[PDB]
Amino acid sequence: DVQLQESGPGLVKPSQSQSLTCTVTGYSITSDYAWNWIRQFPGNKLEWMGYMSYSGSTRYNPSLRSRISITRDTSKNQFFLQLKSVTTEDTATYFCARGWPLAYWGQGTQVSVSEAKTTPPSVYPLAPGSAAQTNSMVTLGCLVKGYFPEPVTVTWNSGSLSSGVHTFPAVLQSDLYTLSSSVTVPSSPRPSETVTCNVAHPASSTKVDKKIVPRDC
C-alpha cells in the first residue's frame, strides 16, 4: 500500500515562513507519479498548491508561485512544502497526495497562523443548579475554556463512557478557544457511579482530569 504522512510546525507567527514535510512509505517518489501538496481552508475549500514530478520538476498554483516552494530528498523519500512570509489567510490544514488521479492522500496537518500564545485550558465542571421537573436522566458536563491552540481532546470516565457524549465544536473566546462537552447519564447512577471528564491539550502538554460532583449542598 502507498502511504503519505505530512507533518511540520503547528503554530506559526505572521510574516515568518512555515515548512511542512511529507514523508512517503511503500513507493518511491522517483518512479512515476506527480507528488502534490493541497490545502483545506476552514469551512471546506480545497486549494491545489503545486507538485513535484518524479523526475524533479515542479509545477505551482499561479497565485502562490512567488510565495511557495516544493523540494525533495530522495535518500529519505521525502518531499517538502515551504511557505514563505505567512499571512493569517494561510491558516488551514495541509495534505500531501499521490498524483493523477488523486488517490492516496495524507491524513492532514493543521497550520495555525497567529500572533497568539500557547496557553493551557481551564477546565470547570458543570453540574445541576436545581431548576425543576424534567426527567429520569441527568445531563452534566465540562467547560474547557481559555486555550491556545486547537485541539483539546475530551473523554468521559477515561473512555469507558462513550454513549450520551456531545463534545461541542470549539469557538474563539477572545483569541483563545472555549469548548464544552455534555454527557447524559441515567439518574440512578448519579452520584453512585462517578462521572469524570478527562481533558488533554497536546500543544501545552496538559492533561487534567475533572470529577463532576453534585454541587454546593
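We number the residues from 1 along the sequence you see.
Segment of higher mean CA temperature factor, 46-54 or 147-155: The entry gives the higher C-alpha B-factor average to 147-155.
Average Cα temperature factor in the PDB entry - higher stretch of 166-174, 32-40: Higher of the two, by average CA B-factor, is 166-174.
Which of 19, 198, 205, 16 ranks first by CA B-factor in the deposited coordinates: Of 19, 198, 205, 16, 205 has the highest C-alpha B-factor.
Identity of residue with top Cα B-factor, from 116, 103, 96, 123: Largest recorded C-alpha B-factor: 116.
Chain-relative CA temperature factor third for residue 179: For residue 179, whose C-alpha B-factor we compare with every modelled residue in the chain, the answer is the middle third.
Residue 25 CA temperature factor, ranked by third within the chain: For residue 25, the deposited C-alpha B-factor lands in the middle third.
Relative C-alpha B-factor of residue 135, binned into the chain's lowest, middle or highest third: Within its chain, residue 135 is a highest-third residue by C-alpha B-factor, going by the deposited values.
Record-listed C-alpha B factor of residue 73: chain third: According to the entry, residue 73 has a C-alpha B-factor in the chain's lowest third.
CA B-factor ranking of residue 83, expressed as a third of its chain: Within its chain, residue 83 is a lowest-third residue by C-alpha B-factor, going by the deposited values.
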